[PDB]
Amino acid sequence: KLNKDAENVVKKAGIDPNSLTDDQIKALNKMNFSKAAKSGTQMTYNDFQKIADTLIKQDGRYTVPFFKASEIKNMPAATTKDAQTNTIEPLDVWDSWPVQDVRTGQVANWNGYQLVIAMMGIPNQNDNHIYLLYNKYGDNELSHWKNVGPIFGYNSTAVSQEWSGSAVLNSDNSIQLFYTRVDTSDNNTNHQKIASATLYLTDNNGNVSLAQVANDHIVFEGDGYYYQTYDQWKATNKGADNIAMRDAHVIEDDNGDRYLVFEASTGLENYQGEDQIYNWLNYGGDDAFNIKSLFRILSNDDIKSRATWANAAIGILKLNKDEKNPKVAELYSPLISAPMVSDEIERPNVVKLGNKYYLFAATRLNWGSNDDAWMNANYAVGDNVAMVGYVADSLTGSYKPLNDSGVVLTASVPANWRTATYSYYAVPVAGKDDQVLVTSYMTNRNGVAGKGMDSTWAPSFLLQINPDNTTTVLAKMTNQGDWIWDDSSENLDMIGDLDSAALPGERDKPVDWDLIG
């Protein structure tokens, strides 16, 4: 019974219409062929599959370098007084970020120190809080970092948590923190809100202290049109829907306006639903690919369900001119969205290079709808993580994918190894308009790599940005927890190969499918 638009694409695909089932015909007849972008540039079903295939090929342009496992240590500053138990413990440290210049993104020099903010917590506990660390500016030793303690103090609980964001210097050399306030009092849901506070520090004989936290307030927690609200999520969640309102990255443009680029899901502008399975725009391949993808999605309940709930977004908003008490001045449509394709894209980050804006983000591909693609990544590598990336001619402008699909970095070792990494976060490099330093955390949380193997700071490595919108991983590598690249920072001892990327025993260890599935 095909209608004529469907007829059209079946023929172009080289498909014999007489081979189609009633259900296949009915599905193709529902297909909406509109070409209008409703929610920014999309990671299409085809882009995602291409990202996965690239990860599977283990292409040298994009793979995370191998790290020499034997060199890897827990960060000494991650042994510290815990925010919740008030007792000194060895903590997992994961998502971390330096205090940056709000304009250039460079690691800031604060009175001769570098400053970092980090999520830490006790392995295997629900313990999500942020801590302030310092080292001498340009110092290259993991072990020279010191932990000031939890920004929001001791006697904390799981009822009110802090998740990731960003941080910059204010005019008076106070720090403006952007973070995620999480309230779990409504039946332990992770009700996430973008929050901000001003930090006042003191410097005394090589000792940095947190003197005061001021102006702590909620900036934004979603509107309902551009970005999903908690109430919206709660109204329809029977357990298949993610909730995301986090990882706010602050950045100031040439004209002096501050923006937040952040992780969320779309709202009613272009909302999740079964209807997204029937939006042609979302597929992004040729006719054969799109149709094959439609039929695959409808024939597997897990893929159909995931596609029905997928609507990750990278959002943007403009702030007012009050440095110390930022409030939303304007909301916009997402820079990127992934309706039908993924329900999690994290740590969005913008780096200004030359006259361009590069938008990066990390994602676990097993948050995607295409089970085949991410399962195959799991079989190839033992993990499914990636950094993706896009470029625009202006901060709010239209972002276009790098390396065709958006792929930039792909997982290279199993999620349960010591040298596994996640939360790729690129930092500019002084004097270079075509390189960023890629930082990440190493060793997945909660002891999945073994007793005493805490999440720690990875060795960092350079990534080259080419003028034709491609990227190239470079073999240049630092010590663990280096935020600042210079000639002095390279350490060849950290470089691994497939063999030395594993500690003894680790090659022969089963996968942890609870973690990567």
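Numbers for residues come from their place in the sequence shown, where the first is 1.
Taking the mean C-alpha B-factor of each stretch as recorded, 205-213 and 308-316 are not equal, and the higher mean is that of 205-213. Higher average CA B factor: 8-16, of the stretches 494-502 and 8-16. Note on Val429, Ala426, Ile151, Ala118: the highest value goes to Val429, judged by CA B factor as recorded. When the C-alpha B factors of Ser460, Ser488, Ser39, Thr472 are read from the deposited coordinates, the top value falls at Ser488. Among the modelled residues of its chain, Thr363 has a C-alpha B-factor that falls in the lowest third, as given in the PDB entry. Sorting the modelled residues of the chain by their CA temperature factor places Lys30 in the highest third. When the modelled residues of the chain are ordered by C-alpha B-factor, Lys50 sits in the middle third.
Ranked by Cα temperature factor within the chain, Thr419 sits in the lowest third according to the deposited record. In this PDB entry, the Cα temperature factor of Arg181 sits in the bottom third of its chain's modelled residues, the lowest group.
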